[PDB]
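Heads up, the chain below is alone and in the form deposited in one PDB entry; it's given as structure tokens.
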């Protein structure tokens, strides 16, 4: 099974996917890593692991719809079974999402539906929430609002800075994202429009395993 992952930055979630694949905890392999950022450190992590690297700068493209068609064109050389967003900072257009319908996955750092945009850790901190988290979901047109597959909650404390909530949440991501990609790789996980289905069971809105 061919996985390609899209990144915009450090690549710590990418690294976890590579390591799980390597130890066959995921029955499948990362064929290519795409970045929209030429300085993304995740590309050096891909490179050291011997995966194909591709940077595709949108300055160059004149239109959203246009950038996304070159990106579809290049991804499909690797013939992906699943494409996974892991830190990719761009809204994907209806066409992209329509093309990878059912096999497009993302990790969002909030307990969805709660903070469906950017700055979610700072929102948790400023609203004085007890509990923060992370959510793995199927990507849909609706920004950060496709069916949730698995969340992991985290405590937010008191003398807690954004960096502390951030690193605590990232720890959970590194454990639950390889795990839902292996349920996908084993044929367990499916979307049947707007619903996520694990082992034939329609999952509830907040996910769960």
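Superpose the two forms; the largest set of C-alphas matching within 1.5 Å is the rigid core. Residue numbers count along the first chain shown, from 1.
Separately, the form deposited in another entry exists; it is not shown, and the next lines address it.
- Large C-alpha shift between this form and the one not shown, rigid core held fixed: of 49, 52, 57, 143, this applies to 143 alone, with a displacement of 2 Å or more.
- Residue 160 shows a C-alpha shift of 2 Å or greater between this form and the one not shown [criterion: core-superposed Cα displacement of 2 Å].
- Between residue 35 and residue 162, the C-alpha separation grows by 3 Å or more in the other form, relative to the conformation displayed.
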